[PDB]
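Report on one structure; see the data block that follows.
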Amino acid sequence: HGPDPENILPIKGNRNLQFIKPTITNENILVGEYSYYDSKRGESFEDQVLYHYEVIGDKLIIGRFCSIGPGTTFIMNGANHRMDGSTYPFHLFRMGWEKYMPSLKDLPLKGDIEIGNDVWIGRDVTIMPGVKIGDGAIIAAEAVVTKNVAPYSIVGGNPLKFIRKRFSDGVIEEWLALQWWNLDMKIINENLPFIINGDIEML
Amino acid sequence: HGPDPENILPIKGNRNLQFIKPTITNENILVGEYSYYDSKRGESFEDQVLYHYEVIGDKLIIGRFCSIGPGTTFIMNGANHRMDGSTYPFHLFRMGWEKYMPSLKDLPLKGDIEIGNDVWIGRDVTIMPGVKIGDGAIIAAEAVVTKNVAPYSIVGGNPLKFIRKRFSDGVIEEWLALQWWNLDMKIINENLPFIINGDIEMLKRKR
Amino acid sequence: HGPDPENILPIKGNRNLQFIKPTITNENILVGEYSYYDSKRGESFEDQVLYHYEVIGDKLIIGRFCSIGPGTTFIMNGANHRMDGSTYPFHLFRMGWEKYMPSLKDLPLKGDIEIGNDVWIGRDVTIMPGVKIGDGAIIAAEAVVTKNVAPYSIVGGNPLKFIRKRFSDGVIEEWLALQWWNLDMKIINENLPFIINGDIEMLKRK
Ligand SMILES: C=CC[C@@H]1/C=C/C(=O)NC/C=C/C(C)=C/[C@@H](O)C[C@@H](F)Cc2nc(co2)C(=O)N2CCC[C@@H]2C(=O)O[C@@H]1C(C)C
Ligand SMILES: C=CC[C@@H]1/C=C/C(=O)NC/C=C/C(C)=C/[C@@H](O)C[C@@H](F)Cc2nc(co2)C(=O)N2CCC[C@@H]2C(=O)O[C@@H]1C(C)C
Ligand SMILES: C=CC[C@@H]1/C=C/C(=O)NC/C=C/C(C)=C/[C@@H](O)C[C@@H](F)Cc2nc(co2)C(=O)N2CCC[C@@H]2C(=O)O[C@@H]1C(C)C
Ligand SMILES: [Cl-]
Ligand SMILES: [Cl-]
Ligand SMILES: [Cl-]
Ligand SMILES: [Cl-]
Ligand SMILES: [Mg+2]
């Protein structure tokens, strides 16, 4: 009962909104069930993952029941130039320069992009490398995620600046202990009214 | 005398700059005459009004003699998820979930977008829901209008941050008292030199 | 030895990255050699220079060995309305309104855009009119360059906000004194290892 997490186009007539997990073809992208991307021009979610080279080996991770707004892009670590001296990538143009190859140790690598569950990412959000976003958080439109985002907090702007927390410090502990996105689907369905309207305490 | 406010493409040869009023087909959009949109790629002004659902009933109201720059978008209220608990729009995917439908009282609805007259909205500006922007203001390119914008003030950034007021308080009080955009068109042409070169005192003398 | 600065597509198979200098067909668009533009869908670098009217005469000047990222745009001075009174460009619509034409002394003109050498401009950067950006600087992706950028400083945001200086003051003084981008090309290849890894003690020595 509920849509098929493995069905790419779960909304009839709607060719723009896609469940991400079934469309992932490149490795190192790990997107949980039911998370979706609402595309501007109907293009694939993978087209929004930028500068993702297999040699650098970083991953992009997203949990379940995330909504990702149209135009959101993910700047993977391969985008960063070397910074010890000249940023110019001489080795790319070869003809004698190909022998000046940086290695992983020579680059400002920053780790994985880790986004939790039930995250609402707005429209045209740009996500910088190595960033961690917590569960239940809300990124505003046009945001540029430049620091980590705490669970169940609202953020937005460029550079990212904190706005507020969604619930009292105690109530957030409740959602994080609940972890409904992991509960058995037969159980999630029995409780969706409360997951949706926020009355968590009824469980 | 002057161009036709009702002519979609008022510049010869130009196919991107459009007078908005005559193009409006969909409801809950009220743009005043002579306001125009400079398109990036020929896209219509309405193409730039996003998440506008007739079921939510919010409106986009723009005044007269406004210049809305290429790529500007208007995030209407339908864009906001419910925020009591999970922000995930379960009901959209149906298959039993379609009964978990929110009501208007359940959503974070913030009211209309109200834009004044003689407003210069820059290129690639995102306007958030429920925002008011006063007469004669100037929105910098690439801005994200997140709070109200006072009349005859320059603003820009993401989030929106205040830069400066265009004229002194006493001078802004006069332009708003004047309201040159509402005068009969026979009178706007008679004073167009002074409307253009900022001479509120000369207009005062002729009023 | 090294690629041809005059070859439009210097990377085999790649059809998006282009050396800018050989792809300029208009005057007052001075980009130094080896500077390149990595395009989103194959658009040219000039396509990204907006509101550039020859009647206004401002120029866009970019140095050498610069990396201008996909989607960057350069707002030239023609973009600014007149701000004495109504910002509405009546004259454009003609039919009696063309007689109300502004002059150059009537517009908020701010001068050329001057970008230095070895500058890393990130992806989707907007550059406002009249701005200067110093040598070796790094502009973060999605930035809106609204004020000048000092040499060898990292900046980003909207509006632009200062992050940090790449090296100590004494070290930046040296790179600017050095000016490795202006040296003869026979010498740049001889020191490329140290230009790349910033062995300034070795560079001064040589
Ligand atoms: C272990 C370190 C990987 C190492 C290169 C590192 C390096 O120089 N990284 C700095 C990044 C520079 C960027 C993103 C520059 C943009 O301004 C233009 C490019 F986007 C154009 C373009 N990139 C590619 C092809 O075309 C391209 O293939 N790459 C870009 C970085 C990763 C990859 C590459 O050359 O990896 C090498 C592999 C093969 C040993
Ligand atoms: C009285 C409240 C109206 C109520 C539901 C409102 C509601 O759930 N609003 C939250 C907004 C969610 C958004 C913007 C989610 C994006 O991540 C993806 C969507 F954009 C994709 C998409 N939207 C639609 C079709 O496809 C779509 O039809 N709608 C989106 C909001 C309005 C409308 C809708 O479901 O209205 C209902 C009517 C019909 C009973
Ligand atoms: C010595 C001063 C030059 C003078 C007028 C300058 C002037 O009024 N500048 C203010 C800028 C207004 C802008 C950028 C308005 C946007 O909202 C829509 C336009 F982009 C649409 C559009 N522009 C054009 C054609 O279509 C267009 O031809 N121009 C725009 C500014 C330069 C140029 C122009 O009118 O130059 C005149 C010459 C020819 C006598
Ligand atoms: Cl790329
Ligand atoms: Cl993009
Ligand atoms: Cl939409
Ligand atoms: Cl233009
Ligand atoms: Mg900011």
Checklist entry - How big is chain A by the Kirkwood estimate over distinct Cα pairs, in Å? => result 18.5 Å
Checklist entry - In whole Å and largest first, what semi-axes does the C-alpha gyration tensor of region B:50-111 yield when each eigenvalue is scaled by 5 and square-rooted? => result 30, 12, 10
Checklist entry - Any idea what log10 I(q)/I(0) is at q = 0.08, 0.10 Å⁻¹ for the protein assembly as shown, Debye with uniform C-alpha scatterers and no solvent? => result -0.66, -0.99
Item to check | Under 19 Å from C:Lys132, Cα to Cα: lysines that are on another chain or at least 8 residues apart | outcome: C:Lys59, C:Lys110, C:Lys147, C:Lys161, C:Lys165
Item to check | Cα centroid separation, region A:104-131 to region C:168-206 (Å) | outcome: 34 Å
Checklist entry - Mean separation of Cα pairs under 8 Å and 6+ residues apart, divided by the residue count of chain C: what relative contact order is that in percent? => result 13 percent
Checklist entry - How far is helix B:169-178 tilted off the main Cα axis of chain B, in degrees rounded to 10, range 0 to 90? => result 90 degrees
Checklist entry - region C:1-102: which trypsin sites (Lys or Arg not before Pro) are DSSP loop and have at most 16 other beta-carbon atoms within 10 angstrom? => result C:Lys12, C:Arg15, C:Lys40, C:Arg41, C:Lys59, C:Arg94, C:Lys99
Checklist entry - By how many degrees, between 0 and 90 and to the nearest 10, does the Cα long axis of helix C:185-197 differ from the longest principal axis of chain C? => result 80 degrees
Checklist entry - When the Cα centres of region B:39-91 and region A:1-50 are compared, how far apart do they sit, in Å? => result 23 Å
Next on the checklist: Can you give the FRET efficiency to the nearest 0.05 for A:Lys110 and C:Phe162, using r as the Cβ-Cβ distance and R₀ = 25 Å?
Outcome noted: 0.75
Next on the checklist: Once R0 is set to 25 Å, what does the formula 1/(1 + (r/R0)^6) return for the Cβ-Cβ distance between C:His81 and C:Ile24, expressed as a FRET efficiency to the nearest 0.05?
Outcome noted: 0.35
Checklist outcome for this item: FRET efficiency for B:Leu178 and B:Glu54 from the Cβ-Cβ distance with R0 = 41 Å, rounded to 0.05, comes out at 0.65
Checklist entry - With each label point set 7 Å from Cα along the Cα-Cβ vector, what nm distance links B:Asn7 and C:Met202? => result 6.8 nm
Next on the checklist: Running a GNM on chain C with Cα contacts under 10 Å, which residue among C:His91, C:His52, C:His81 ends up with the highest mean-square fluctuation?
Outcome noted: C:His91
Checklist outcome for this item: The size of the Cβ-based charge dipole (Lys, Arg +1; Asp, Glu -1) of the protein assembly as shown about the Cα centre, to the nearest 20 debye, is 800 debye
Next on the checklist: Under 10 Å, Cα contacts only: if you run a Gaussian network model on chain B, which one of B:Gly57, B:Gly69, B:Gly85 comes out with the highest mean-square fluctuation?
Outcome noted: B:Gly85
Next on the checklist: What is the sum of charges, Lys and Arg at +1 and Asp and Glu at -1, for the other residues whose Cβ falls under 9 Å from the Cβ of B:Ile154?
Outcome noted: +3
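As a convention, Cβ positions derive from the backbone with ideal geometry for all residues, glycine included, and neighbour counts pool all protein chains shown. All of the numbers you see were taken from the coordinates with simple rules; none came from a lab.
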